[PDB]
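As provided, start-v7.txt (compact mmCIF, C-alpha atoms) reads as follows.
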```txt
# COMPACT_ATOMS: atom_id res chain seq x y z
CA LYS O 11 -17.68 -13.49 4.58
CA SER O 12 -19.95 -10.84 3.04
CA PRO O 13 -19.21 -7.08 2.75
CA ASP O 14 -22.83 -6.43 3.70
CA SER O 15 -22.41 -6.83 7.47
CA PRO O 16 -22.96 -3.46 9.24
CA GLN O 17 -19.73 -4.22 11.10
CA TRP O 18 -17.41 -4.39 8.09
CA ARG O 19 -18.75 -0.87 7.57
CA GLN O 20 -18.00 0.36 11.08
CA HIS O 21 -14.46 -0.96 10.74
CA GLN O 22 -14.08 0.95 7.50
CA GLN O 23 -15.48 3.83 9.51
CA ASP O 24 -12.88 3.12 12.18
CA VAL O 25 -9.96 3.18 9.74
CA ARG O 26 -11.31 6.22 7.84
CA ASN O 27 -11.61 8.12 11.13
CA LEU O 28 -7.82 8.15 11.52
CA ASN O 29 -5.72 11.05 10.26
CA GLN O 30 -2.24 9.57 10.24
CA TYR O 31 -0.92 6.09 9.50
CA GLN O 32 2.61 4.81 9.88
CA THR O 33 3.93 1.31 9.23
CA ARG O 34 7.16 -0.37 8.21
CA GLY O 35 8.80 -3.70 7.47
CA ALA O 36 9.97 -5.78 4.54
CA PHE O 37 9.15 -5.11 0.90
CA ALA O 38 9.83 -7.48 -1.98
CA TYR O 39 9.13 -6.83 -5.65
CA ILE O 40 9.35 -9.74 -8.08
CA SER O 41 8.78 -9.96 -11.82
CA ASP O 42 10.64 -11.52 -14.74
CA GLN O 43 13.17 -8.75 -15.28
CA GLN O 44 13.56 -7.67 -11.67
CA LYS O 45 13.71 -8.67 -8.03
CA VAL O 46 13.63 -5.94 -5.40
CA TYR O 47 14.23 -6.68 -1.73
CA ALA O 48 14.36 -3.89 0.83
CA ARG O 49 13.05 -2.51 4.09
CA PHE O 50 10.10 -0.21 3.52
CA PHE O 51 8.59 2.63 5.51
CA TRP O 52 5.13 4.01 4.77
CA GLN O 53 3.87 7.25 6.32
CA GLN O 54 0.46 8.64 5.42
CA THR O 55 -1.61 11.63 6.45
CA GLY O 56 -5.18 11.42 5.22
CA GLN O 57 -6.30 9.55 2.13
CA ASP O 58 -4.21 11.64 -0.27
CA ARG O 59 -0.72 12.19 1.19
CA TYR O 60 1.98 9.59 1.73
CA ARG O 61 5.70 8.85 1.68
CA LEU O 62 7.12 5.51 0.58
CA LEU O 63 10.73 4.77 1.46
CA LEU O 64 12.71 1.72 0.37
CA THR O 65 16.11 1.24 1.99
CA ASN O 66 18.96 -1.20 1.38
CA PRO O 67 20.38 -3.48 4.12
CA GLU O 68 23.17 -0.92 4.47
CA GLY O 69 20.59 1.79 5.10
CA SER O 70 21.00 3.41 1.70
CA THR O 71 17.83 4.75 0.10
CA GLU O 72 16.75 2.53 -2.79
CA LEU O 73 13.69 4.68 -3.41
CA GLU O 74 11.90 7.65 -1.88
CA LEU O 75 8.53 8.90 -3.04
CA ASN O 76 6.31 11.57 -1.54
CA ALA O 77 2.86 12.01 -3.04
CA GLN O 78 0.18 14.67 -2.71
CA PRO O 79 -2.81 15.41 -4.93
CA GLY O 80 -1.45 16.20 -8.39
CA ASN O 81 2.20 16.40 -7.26
CA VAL O 82 4.73 13.62 -6.63
CA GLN O 83 8.51 13.63 -6.11
CA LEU O 84 10.46 10.44 -6.76
CA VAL O 85 14.04 10.03 -5.64
CA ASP O 86 16.19 7.63 -7.65
CA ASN O 87 18.08 4.59 -6.35
CA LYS O 88 20.88 6.89 -7.49
CA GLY O 89 19.73 10.10 -5.84
CA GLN O 90 18.18 11.95 -8.78
CA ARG O 91 14.85 13.61 -7.97
CA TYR O 92 11.94 13.73 -10.43
CA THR O 93 8.51 15.39 -10.20
CA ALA O 94 5.18 14.51 -11.83
CA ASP O 95 1.39 14.64 -11.50
CA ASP O 96 0.68 10.91 -11.19
CA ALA O 97 2.62 8.64 -8.83
CA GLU O 98 1.32 5.35 -10.22
CA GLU O 99 2.69 6.53 -13.56
CA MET O 100 6.01 7.71 -12.11
CA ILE O 101 6.88 4.57 -10.12
CA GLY O 102 6.46 2.42 -13.20
CA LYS O 103 8.33 4.56 -15.71
CA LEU O 104 11.39 5.37 -13.57
CA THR O 105 11.86 2.15 -11.59
CA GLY O 106 10.15 -0.48 -13.72
CA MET O 107 7.78 -1.38 -10.88
CA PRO O 108 4.20 -0.54 -11.92
CA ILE O 109 3.12 -0.51 -8.27
CA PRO O 110 -0.55 0.56 -7.96
CA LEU O 111 0.35 3.39 -5.56
CA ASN O 112 -2.96 5.18 -6.17
CA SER O 113 -4.92 2.07 -5.17
CA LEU O 114 -2.43 0.98 -2.52
CA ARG O 115 -3.05 4.18 -0.54
CA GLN O 116 -6.38 2.56 0.30
CA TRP O 117 -5.58 -1.15 0.37
CA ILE O 118 -2.57 -0.75 2.66
CA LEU O 119 -5.00 0.67 5.20
CA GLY O 120 -7.19 -2.38 4.83
CA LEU O 121 -9.74 -0.49 2.72
CA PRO O 122 -11.25 -1.64 -0.61
CA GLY O 123 -10.95 1.69 -2.39
CA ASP O 124 -12.92 1.32 -5.63
CA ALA O 125 -12.43 -2.46 -5.72
CA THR O 126 -15.59 -4.19 -6.92
CA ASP O 127 -14.64 -7.77 -6.11
CA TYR O 128 -13.40 -8.67 -2.64
CA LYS O 129 -14.06 -10.83 0.42
CA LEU O 130 -13.79 -10.64 4.21
CA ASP O 131 -12.92 -12.92 7.11
CA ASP O 132 -14.44 -13.66 10.53
CA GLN O 133 -13.52 -10.25 11.96
CA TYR O 134 -15.13 -8.49 8.98
CA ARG O 135 -11.74 -7.32 7.70
CA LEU O 136 -10.71 -7.05 4.05
CA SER O 137 -9.05 -10.38 3.22
CA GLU O 138 -9.02 -10.87 -0.55
CA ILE O 139 -9.08 -8.56 -3.57
CA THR O 140 -9.39 -9.47 -7.24
CA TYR O 141 -8.70 -6.25 -9.15
CA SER O 142 -9.06 -6.11 -12.94
CA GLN O 143 -10.11 -2.60 -13.92
CA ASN O 144 -8.99 0.94 -14.77
CA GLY O 145 -6.68 -0.92 -17.12
CA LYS O 146 -4.76 -2.53 -14.26
CA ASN O 147 -4.87 -6.02 -12.73
CA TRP O 148 -3.86 -7.23 -9.28
CA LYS O 149 -4.73 -10.10 -6.95
CA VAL O 150 -4.39 -8.85 -3.37
CA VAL O 151 -4.25 -11.41 -0.56
CA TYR O 152 -4.52 -10.09 3.00
CA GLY O 153 -2.61 -12.17 5.51
CA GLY O 154 -2.51 -11.75 9.27
CA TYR O 155 -3.59 -8.32 10.52
CA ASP O 156 -1.82 -6.31 13.21
CA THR O 157 -4.26 -6.44 16.10
CA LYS O 158 -2.08 -4.43 18.46
CA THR O 159 -3.61 -1.38 16.81
CA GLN O 160 -7.09 0.10 17.13
CA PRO O 161 -8.48 -0.47 14.58
CA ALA O 162 -6.43 -3.47 13.47
CA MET O 163 -4.31 -2.72 10.41
CA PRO O 164 -2.89 -5.23 7.93
CA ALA O 165 0.59 -6.61 8.60
CA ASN O 166 0.59 -9.06 5.69
CA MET O 167 -0.23 -8.57 2.03
CA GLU O 168 0.61 -9.93 -1.38
CA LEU O 169 -0.40 -8.38 -4.70
CA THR O 170 0.14 -10.46 -7.84
CA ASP O 171 -0.24 -9.90 -11.57
CA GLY O 172 1.22 -12.36 -14.01
CA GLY O 173 4.88 -12.97 -13.34
CA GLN O 174 5.02 -10.13 -10.84
CA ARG O 175 4.21 -10.16 -7.13
CA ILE O 176 4.65 -7.49 -4.46
CA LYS O 177 4.88 -8.68 -0.86
CA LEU O 178 4.38 -6.43 2.18
CA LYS O 179 5.04 -7.60 5.74
CA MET O 180 4.42 -5.06 8.50
CA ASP O 181 6.48 -5.15 11.68
CA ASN O 182 4.04 -2.77 13.30
CA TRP O 183 1.81 0.27 12.94
CA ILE O 184 1.32 3.65 14.61
CA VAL O 185 -2.04 5.24 13.88
CA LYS O 186 -3.53 8.47 15.14
```

Please go through the file and, once you have read it, give me the structure as structure tokens.
Amino acid sequence: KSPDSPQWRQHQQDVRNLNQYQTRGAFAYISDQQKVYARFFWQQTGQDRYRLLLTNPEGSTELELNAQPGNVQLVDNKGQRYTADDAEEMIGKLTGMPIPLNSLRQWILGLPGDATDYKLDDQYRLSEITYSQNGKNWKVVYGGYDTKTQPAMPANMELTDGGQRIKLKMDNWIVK
């Protein structure tokens, strides 16, 4: 489908009209040197503030990161807290996972962000993203959306780049 439809724009308007977003589920990070599997919890207020939490089956925190414009705190899988200006930069350097946090804060909401190459589906909802810019590269595939929310929010997504893929499966969402 084409991103021209005046609907795909209203939906983006729908999503962007929300103030808070909250989802959770299973997170899996896979590369050649690592394999991360954990429950994840993503809370977000606005387009600039969010908290990503990764927890072990036991409940132990494998990773906690709270981001705000120009200020991010990252808590170790050990418990050691670090602070920086860029989250995308911090996740990579201290955990090995160069997760595109700065772009994800848009894509997780089912928004393109600055993506210049994507597609839609029947319902005029972001379905595929081919990102190769700002020095980074990621192929984002949007699976089934959570339609128990208004507007529907993604409940399935896979981002891949080379030998590394990040899979997100949402159990549910709570938007306001």

_Option closest in space to residue 184 (chain O), from O:11, O:158, O:49, O:103 [counting all atoms listed in the file]_ = O:158

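Distances to residue 177 (chain O) were evaluated for O:45, O:26, O:19, O:88 using all atoms listed in the file, and the minimum falls at O:45.
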
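Relative to CA of residue 117 (chain O), CA of residue 78 (chain O) is found at 17.1 Å.
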
_Residues within 9 Å of residue 61 (chain O), please, as a list in words. Count only C-alpha atoms; anything in the same chain fewer than 5 positions from it doesn't count._
residues 51, 52, 53, 54, 74, 75, 76 and 77 of chain O

*Kindly extract all protein, DNA and RNA residues lying within 12 Å of the coordinates (-5.1, -3.5, -13.0) given in the file, considering all atoms listed in the file, and supply them as an NGL selection string.*
:O and (98 or 108-114 or 124-125 or 139-150 or 169-172)

Six-sided padding of 3 Å per side, axis-aligned box over region 64-79 of chain O, centre and edges in Å, one decimal, as lines of an AutoDock Vina configuration file:
```
center_x = 10.2
center_y = 6.0
center_z = 0.1
size_x = 32.0
size_y = 24.9
size_z = 16.0
```

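When CA of residue 37 (chain O) is paired with CA of residue 100 (chain O), their separation reads 18.5 Å.
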
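The space separating CA of residue 95 (chain O) from CA of residue 70 (chain O) comes to 26.2 Å.
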
*Name the residues within 12 Å of (23.6, -3.3, -2.2), counting all atoms listed in the file in the file's coordinates, and put them as a PyMOL selection string.*
chain O and resi 46-48+65-72+87-88

Next, dump the selected residues to file, keeping only C-alpha atoms, as an mmCIF file, in the coordinates of the input.
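Below is the file result01.cif, written as the result:
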```cif
data_model
loop_
_atom_site.group_PDB
_atom_site.id
_atom_site.type_symbol
_atom_site.label_atom_id
_atom_site.label_comp_id
_atom_site.auth_asym_id
_atom_site.auth_seq_id
_atom_site.Cartn_x
_atom_site.Cartn_y
_atom_site.Cartn_z
ATOM 1 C CA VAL O 46 13.630 -5.940 -5.400
ATOM 2 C CA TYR O 47 14.230 -6.680 -1.730
ATOM 3 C CA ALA O 48 14.360 -3.890 0.830
ATOM 4 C CA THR O 65 16.110 1.240 1.990
ATOM 5 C CA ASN O 66 18.960 -1.200 1.380
ATOM 6 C CA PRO O 67 20.380 -3.480 4.120
ATOM 7 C CA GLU O 68 23.170 -0.920 4.470
ATOM 8 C CA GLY O 69 20.590 1.790 5.100
ATOM 9 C CA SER O 70 21.000 3.410 1.700
ATOM 10 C CA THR O 71 17.830 4.750 0.100
ATOM 11 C CA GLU O 72 16.750 2.530 -2.790
ATOM 12 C CA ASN O 87 18.080 4.590 -6.350
ATOM 13 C CA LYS O 88 20.880 6.890 -7.490
#
```

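The shortest atom-to-atom distance to residue 179 (chain O), with all atoms listed in the file taken into account, belongs to O:33 out of O:12, O:33, O:81, O:90.
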
*With only C-alpha atoms as the atoms that count, which of O:159, O:62, O:134, O:123 lies nearest to residue 20 (chain O)?*
O:134

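Between residue 55 (chain O) and the candidates O:82, O:28, O:36, O:178, the tightest atom-to-atom separation, counting all atoms listed in the file, involves O:28.
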
Can you fill out region 109-127 of chain O with N, CA, C and O atoms and hand it back as a PDB file, in the coordinates of the input?
```
ATOM      1  N   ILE O 109       3.829  -0.351  -9.537  1.00  0.00           N
ATOM      2  CA  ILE O 109       3.120  -0.510  -8.270  1.00  0.00           C
ATOM      3  C   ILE O 109       1.868   0.376  -8.266  1.00  0.00           C
ATOM      4  O   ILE O 109       1.948   1.579  -8.519  1.00  0.00           O
ATOM      5  N   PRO O 110       0.691  -0.212  -7.986  1.00  0.00           N
ATOM      6  CA  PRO O 110      -0.550   0.560  -7.960  1.00  0.00           C
ATOM      7  C   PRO O 110      -0.670   1.488  -6.753  1.00  0.00           C
ATOM      8  O   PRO O 110      -1.595   1.367  -5.950  1.00  0.00           O
ATOM      9  N   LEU O 111       0.280   2.410  -6.646  1.00  0.00           N
ATOM     10  CA  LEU O 111       0.350   3.390  -5.560  1.00  0.00           C
ATOM     11  C   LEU O 111      -0.985   4.080  -5.271  1.00  0.00           C
ATOM     12  O   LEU O 111      -1.366   4.246  -4.112  1.00  0.00           O
ATOM     13  N   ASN O 112      -1.682   4.492  -6.325  1.00  0.00           N
ATOM     14  CA  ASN O 112      -2.960   5.180  -6.170  1.00  0.00           C
ATOM     15  C   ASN O 112      -4.026   4.293  -5.525  1.00  0.00           C
ATOM     16  O   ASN O 112      -4.905   4.788  -4.823  1.00  0.00           O
ATOM     17  N   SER O 113      -3.958   2.988  -5.764  1.00  0.00           N
ATOM     18  CA  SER O 113      -4.920   2.070  -5.170  1.00  0.00           C
ATOM     19  C   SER O 113      -4.403   1.578  -3.825  1.00  0.00           C
ATOM     20  O   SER O 113      -5.174   1.329  -2.899  1.00  0.00           O
ATOM     21  N   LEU O 114      -3.085   1.450  -3.733  1.00  0.00           N
ATOM     22  CA  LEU O 114      -2.430   0.980  -2.520  1.00  0.00           C
ATOM     23  C   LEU O 114      -2.689   1.896  -1.327  1.00  0.00           C
ATOM     24  O   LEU O 114      -2.788   1.433  -0.192  1.00  0.00           O
ATOM     25  N   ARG O 115      -2.799   3.195  -1.591  1.00  0.00           N
ATOM     26  CA  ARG O 115      -3.050   4.180  -0.540  1.00  0.00           C
ATOM     27  C   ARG O 115      -4.347   3.887   0.200  1.00  0.00           C
ATOM     28  O   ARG O 115      -4.644   4.507   1.221  1.00  0.00           O
ATOM     29  N   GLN O 116      -5.127   2.948  -0.325  1.00  0.00           N
ATOM     30  CA  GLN O 116      -6.380   2.560   0.300  1.00  0.00           C
ATOM     31  C   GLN O 116      -6.233   1.148   0.858  1.00  0.00           C
ATOM     32  O   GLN O 116      -6.526   0.890   2.026  1.00  0.00           O
ATOM     33  N   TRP O 117      -5.759   0.247   0.006  1.00  0.00           N
ATOM     34  CA  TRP O 117      -5.580  -1.150   0.370  1.00  0.00           C
ATOM     35  C   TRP O 117      -4.587  -1.395   1.501  1.00  0.00           C
ATOM     36  O   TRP O 117      -4.748  -2.342   2.270  1.00  0.00           O
ATOM     37  N   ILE O 118      -3.559  -0.561   1.605  1.00  0.00           N
ATOM     38  CA  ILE O 118      -2.570  -0.750   2.660  1.00  0.00           C
ATOM     39  C   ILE O 118      -3.217  -0.454   4.008  1.00  0.00           C
ATOM     40  O   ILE O 118      -2.753  -0.918   5.048  1.00  0.00           O
ATOM     41  N   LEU O 119      -4.296   0.320   3.982  1.00  0.00           N
ATOM     42  CA  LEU O 119      -5.000   0.670   5.200  1.00  0.00           C
ATOM     43  C   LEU O 119      -6.086  -0.356   5.497  1.00  0.00           C
ATOM     44  O   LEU O 119      -6.815  -0.242   6.482  1.00  0.00           O
ATOM     45  N   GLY O 120      -6.183  -1.363   4.639  1.00  0.00           N
ATOM     46  CA  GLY O 120      -7.190  -2.380   4.830  1.00  0.00           C
ATOM     47  C   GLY O 120      -8.537  -1.911   4.306  1.00  0.00           C
ATOM     48  O   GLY O 120      -9.582  -2.339   4.797  1.00  0.00           O
ATOM     49  N   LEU O 121      -8.512  -1.013   3.325  1.00  0.00           N
ATOM     50  CA  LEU O 121      -9.740  -0.490   2.720  1.00  0.00           C
ATOM     51  C   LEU O 121      -9.806  -0.933   1.261  1.00  0.00           C
ATOM     52  O   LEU O 121      -8.785  -1.027   0.579  1.00  0.00           O
ATOM     53  N   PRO O 122     -11.022  -1.196   0.762  1.00  0.00           N
ATOM     54  CA  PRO O 122     -11.250  -1.640  -0.610  1.00  0.00           C
ATOM     55  C   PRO O 122     -10.953  -0.602  -1.693  1.00  0.00           C
ATOM     56  O   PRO O 122     -10.519  -0.954  -2.791  1.00  0.00           O
ATOM     57  N   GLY O 123     -11.166   0.671  -1.384  1.00  0.00           N
ATOM     58  CA  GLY O 123     -10.950   1.690  -2.390  1.00  0.00           C
ATOM     59  C   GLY O 123     -12.092   1.465  -3.360  1.00  0.00           C
ATOM     60  O   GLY O 123     -13.209   1.204  -2.916  1.00  0.00           O
ATOM     61  N   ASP O 124     -11.842   1.537  -4.665  1.00  0.00           N
ATOM     62  CA  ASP O 124     -12.920   1.320  -5.630  1.00  0.00           C
ATOM     63  C   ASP O 124     -13.016  -0.135  -6.088  1.00  0.00           C
ATOM     64  O   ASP O 124     -13.652  -0.426  -7.101  1.00  0.00           O
ATOM     65  N   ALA O 125     -12.383  -1.046  -5.355  1.00  0.00           N
ATOM     66  CA  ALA O 125     -12.430  -2.460  -5.720  1.00  0.00           C
ATOM     67  C   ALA O 125     -13.874  -2.929  -5.745  1.00  0.00           C
ATOM     68  O   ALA O 125     -14.655  -2.609  -4.848  1.00  0.00           O
ATOM     69  N   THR O 126     -14.233  -3.683  -6.779  1.00  0.00           N
ATOM     70  CA  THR O 126     -15.590  -4.190  -6.920  1.00  0.00           C
ATOM     71  C   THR O 126     -15.713  -5.690  -6.714  1.00  0.00           C
ATOM     72  O   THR O 126     -16.789  -6.261  -6.891  1.00  0.00           O
ATOM     73  N   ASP O 127     -14.614  -6.333  -6.339  1.00  0.00           N
ATOM     74  CA  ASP O 127     -14.640  -7.770  -6.110  1.00  0.00           C
ATOM     75  C   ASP O 127     -13.676  -8.169  -4.998  1.00  0.00           C
ATOM     76  O   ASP O 127     -12.482  -8.361  -5.230  1.00  0.00           O
TER      77      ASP O 127
END
```
